[PDB]
Amino acid sequence: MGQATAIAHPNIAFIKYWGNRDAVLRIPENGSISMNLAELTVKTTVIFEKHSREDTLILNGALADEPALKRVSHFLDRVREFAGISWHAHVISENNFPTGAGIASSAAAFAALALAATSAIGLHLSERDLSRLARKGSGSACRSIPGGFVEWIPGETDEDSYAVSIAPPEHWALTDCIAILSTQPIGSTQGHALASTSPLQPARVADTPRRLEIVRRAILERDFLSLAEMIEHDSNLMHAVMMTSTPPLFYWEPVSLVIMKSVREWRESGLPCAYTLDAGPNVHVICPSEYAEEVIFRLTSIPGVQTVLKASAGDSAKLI
Amino acid sequence: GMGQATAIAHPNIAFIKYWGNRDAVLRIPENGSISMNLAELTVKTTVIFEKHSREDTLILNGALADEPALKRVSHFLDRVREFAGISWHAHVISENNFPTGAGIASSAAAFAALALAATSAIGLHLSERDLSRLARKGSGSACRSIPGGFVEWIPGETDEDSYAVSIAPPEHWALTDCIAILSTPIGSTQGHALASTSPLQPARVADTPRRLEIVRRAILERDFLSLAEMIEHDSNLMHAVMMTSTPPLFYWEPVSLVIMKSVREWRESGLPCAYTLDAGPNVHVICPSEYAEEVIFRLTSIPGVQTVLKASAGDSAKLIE
Ligand SMILES: C[C@@](O)(CCOP(=O)(O)O)CC(=O)O
Ligand SMILES: C[C@@](O)(CCOP(=O)(O)O)CC(=O)O
């Protein structure tokens with residue numbers, strides 16, 4: 001009755017999404033900018049079938065838990081509403097993420113699902129509409145629909161909240177050296193909802209355009225130092241909000257702190273690199289790709305760093 | 001020998017933090033703060049005004065102070081000289097019992113003791129308010145070591161308006177500060193000035209009355225859980241601002257974070273305690289005193305904790321001998 005397969009990459013936010021204006025629609029409180037990660041992929045096949053009563057979900061070869069299925073089912077309901085078709089679908093998804101490494105899959109997964117599910121049900125959405133749809137699966141998924149360096153235009157409405165590519169992957173050879181911590185959280189959905197308990201979240205949110213403008217310009221101009229200092233600042237602002245929520249969300253591990261301090265010292269001593277952390281203790285170390293081997297060496301030397309994943313700028317979600 | 005006096009004062013641990021100045025020179029803070037004096041740590045300072053001294057001299061634990069420390073003390077004594085209308089320079093002899101290398105800041109205790117010894121030596125009989133106001137200009141938090149016990153710094157907007165008062169005497173509430181000294185340090189002065197670079201500082205500052213009102217009530221009501229949750233929140237707010245300054249100030253060490261998480265776990269599992277951190281990695285673990293031995297036992301076992309200092313609520317700065 002209709003089938004398609006799409007791949008999408010996770011992304012690393014240079015300017016973080018944290019907090020929703022609308023939790024249901026995943027309209028964020030602030031805009032965000034990320035880079036897709038080429039070497040990590042979710043591949044998702046959607047198969048719409050005649051009179052399948054309910055949707056099904058398999059994840060990396062295994063029956064998905066009911067939470068995951070429900071979430072994917074509600075998402076497909078949106079694809080059904082948008083398409084006025086009623087078919088239920090079998091969803092098969094796999095990713096190549098290193099096991100236990102704590103790399104969040106939701107952005108890649110809902111980007112791939114948005115593209116596979118709409119293509120399977122016969123639609124031909126623009127990138128913008130795919131981003132808007134993916135967004136409602138998981139906010140950051142909207143940024144994995146476009147390619148390369150991506151900005152989520154936060155908006156106030158479902159139509160207005162979507163992501164676009166600032167620059168293609170080939171515009172700037174940046175590498176994300178992801179320090180995976182051996183010892184290793186509260187999910188994004190709960191965390192976003194808790195942001196409003198932090199006294200500092202409104203101020204963080206209100207300041208986001210300043211930060212976005214710097215990062216956007218830095219990407220366009222390939223100004224690594226400006227990017228570096230702002231991504232650390234923006235990471236720290238998000239974590240500041242997290243840590244001052246009620247209950248506090250302390251995603252950092254002790255080694256996360258060692259890495260953050262080490263990266264700053266490395267940069268200040270001549271090695272261009274910068275850190276950023278999502279809702280977890282892994283440290284993404286962004287650097288011009290020519291420095292990645294040196295960064296990885298230094299990260300690998302830090303006690304407590306299990307392994308370092310090397311990712312370059314990835315393309316948009318694609319059908320295969 | 002134109003007048004001499006000796007005073008003692010204790011350092012203090014802020015439950016609601018001072019961070020950022022409205023007026024850096026006068027150490028008028030952006031926000032109010034609340035602290036508890038630490039009985040078991042003391043600075044004892046003798047001030048002897050000398051007709052023959054051309055400049056002040058500062059002796060610390062029997063040794064000549066570094067030049068920066070002398071300059072701070074001499075600038076402070078200039079304020080006393082001005083206030084008193086007297087010219088004399090002084091010998092300042094100070095001792096303290098702080099554990100060596102522990103990173104326990106002495107400046108609040110030092111300037112509280114100096115404010116009291118110096119004014120007493122020079123013939124003045126200042127009210128606590130005026131002593132606090134004076135101590136504040138040596139080091140802001142010293143204004144909180146002038147009064148006793150649990151102390152609130154009224155932030156104010158003027159030199160006359162910024163001073164601390166006792167919320168409650170030490171005996172009002174048996175709380176212990178179990179200070180986890182880490183085995184493995186940008187100064188406050190630079191740090192406060194950088195607070196203005198954090199996008200989050202205005203919001204932290206504007207929220208302080210909410211936090212002060214909770215802690216003040218918690219102290220008056222002996223409500224440990226309310227105190228506990230607010231001191232951790234307040235500590236994290238300050239460190240949030242520090243970590244989001246430009247350049248960032250990351251005072252936490254990895255072990256700091258271990259302790260912070262451990263403390264929250266301990267409290268949630270039924271051991272009443274709460275963490276707070278100043279501008280450094282040591283973790284002050286506040287708890288009702290009946291739990292201190294267990295808190296200390298748990299803290300002592302944490303790798304990277306060099307030692308744990310046990311402090312109870314201390315009295316006001318006092319003249320002695
Ligand atoms: C914490 C962070 O990863 C957002 C997570 O958002 P989501 O709800 O998992 O899409 C930050 C970011 O990616 O912008
Ligand atoms: C960081 C903190 O210790 C303030 C230090 O201030 P100062 O050293 O008196 O300038 C917090 C506080 O004690 O309120």
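What counts, and at which threshold
- Residues numbered from 1 in each chain as written, not as in the entry; some residues may be left out.
- Chains lettered and ligands numbered in written order.
- Heavy atoms only, no water.
- Domains from an automatic or database assignment.
- Contact = heavy atoms within 4.5 Å.
- Buried area = accessible area lost by both parts, 1.4 Å probe.
- Salt bridge = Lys/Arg side-chain N within 4 Å of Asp/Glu carboxyl O.
- Helix = DSSP H or I, 4+ residues; strand = E, 2+ residues; numbered from the N terminus.
- Nonpolar A, V, L, I, M, F, W, Y, C, P; charged D, E, K, R; others polar.
- Pairing = 2+ DSSP bridges.
- Axes fitted to C-alpha atoms, helices over the stretch in contact; angles between N-to-C directions.
- Buried < 20%, exposed > 50% of the residue type's maximum accessible area, 1.4 Å probe, protein only.
- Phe/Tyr/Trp six-rings, centres within 6.5 Å; stacked < 30°, edge-to-face > 60°.

- Deposited coordinates in this entry are attributed by the record to X-ray crystallography, at a stated resolution of 1.440 Å.

Quick look at the domain arrangement of chain B
All names here are of chain B.
Here is step 1: Annotation of chain B at the domain level lists domain 1 (1-180) and domain 2 (181-321).
Here is step 2: The gap between the C-alpha centroids of domain 1 and domain 2 is 21 Å.
Here is step 3: Contact with domain 1, which involves 55 residues of that partner, is made by 65 residues of domain 2.
Here is step 4: The three residues of domain 1 that bury the most area against domain 2 are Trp19, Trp173 and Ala180, which together make up 19% of that side's buried surface.
Here is step 5: The shortest N-O distance in the salt bridge between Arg216 and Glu152 comes to 2.7 Å.
Here is step 6: Among the elements of the structure, β1 (3-9), β2 (12-16), β5 (33-37), α2 (107-121), β10 (150-154), β11 (163-168) and β12 (175-182) are those that each provide at least two residues to the side of domain 1 that touches domain 2.
Here is step 7: The element best represented in the side of domain 1 that touches domain 2 is β12, accounting for 6 residues.
Here is step 8: Tallied by class, residues from the side of domain 1 that touches domain 2 come to 33 nonpolar, 15 polar and 7 charged.

Describing the sheet that holds strand β10 (residues 149-153) of chain A
Residue and element names in this part refer to chain A.
Here is step 1: The 4 strands lie next to each other as β2-β5-β10-β11, forming an open sheet whose pairing is antiparallel. At either end of the open sheet lies a strand with only one pairing partner, and these are β2 (11-15) and β11 (162-167). In this sheet, neighbouring strand axes are inclined to one another by 35° on average, regardless of whether the strands run parallel or antiparallel.
Here is step 2: Bridge count between β10 and β11: 5 bridges; the pairing is antiparallel. Bridge pairing in β11 places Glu151 opposite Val164.
Here is step 3: Most of the contacts of helix α3 (residues 127-137) go to β11, to which it runs at about 125°, and overall it touches β10 and β11.
Here is step 4: The strands touched by helix α6 (residues 208-221) are β2, β5 (32-36), β10 and β11; relative to β2, the strand with the most contacts, the crossing angle is about 115°.

Re the sheet that holds β1(B)
Residue and element names in this part refer to chain B.
Here is step 1: Pairing is mixed in the open sheet, where 6 strands are placed in the order β8-β7-β9-β6-β1-β16. Pairing within the sheet leaves two strands with one partner each, and these edge strands are β8 (63-64) and β16 (318-320).
Here is step 2: Pairing analysis gives 2 bridges linking strand β7 (residues 57-60) to β8, with the strands arranged antiparallel. Counterpart to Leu60 in the pairing with β8 is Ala63.
Here is step 3: Strands β6 (43-50), β7 and β9 (89-96) of the sheet are contacted by helix α1 (residues 67-84), whose axis makes an angle of about 125° with β9.
Here is step 4: Across the sheet, α2 touches β1, β6, β9 and β16, and the angle it forms with β1 is around 155°.

So, unusual backbone geometry
Here is step 1: Backbone torsion omega between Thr246(A) and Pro247(A) reads -5°, so that peptide bond is classified as cis.
Here is step 2: Of note, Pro247(A) is situated in the loop between α7 (224-243) and α8 (254-268).
Here is step 3: For the bond running from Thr246(B) to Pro247(B), omega is -5°, close enough to zero to count as cis.
Here is step 4: Positionally, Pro247(B) belongs in the loop between α7 (224-243) and α8 (254-268).
Here is step 5: The backbone of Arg222(A) shows a phi angle near 55°, a positive value even though the residue is not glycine.
Here is step 6: Tracing the chain through its elements places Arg222(A) in the loop between α6 and α7.
Here is step 7: Residue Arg222(A) is classed as partly exposed on the basis of its relative accessible area of 47%.
Here is step 8: Backbone geometry at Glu321(B) places phi at a positive 35°, although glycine is not the residue there.
Here is step 9: Residue position: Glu321(B) is located in the segment after β16.
Here is step 10: Classification of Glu321(B) by relative accessible area gives exposed; the value is 76%.

So, the packing of aromatic side chains
Here is step 1: According to the stated counting rule, one finds 14 aromatic pairs over all chains in the structure shown.
Here is step 2: Ring geometry for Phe49(B) and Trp88(B): centres 6.1 Å apart, planes at 55°, overall tilted. One end of the pair, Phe49(B), is in strand β6; the other, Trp88(B), is in the loop between α1 and β9, with 39 residues separating them in the sequence.
Here is step 3: Taken together, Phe14(A), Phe149(A), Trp172(A) and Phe224(A) form an aromatic cluster joined through their ring pairs.

Brief notes about the pattern of salt bridges
Residues and elements named next belong to chain A.
Here is step 1: The tally for this structure, following the rule as stated, stands at 38 salt bridges over all chains.
Here is step 2: Between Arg80 and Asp55 there is a salt bridge; the shortest N-O distance is 2.9 Å. Of the two residues, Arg80 is situated in helix α1 (residues 66-83) and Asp55 in the loop between β6 (42-49) and β7 (56-59); the sequence distance between them amounts to 25 residues. Each of the two residues, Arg80 as well as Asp55, counts as buried.

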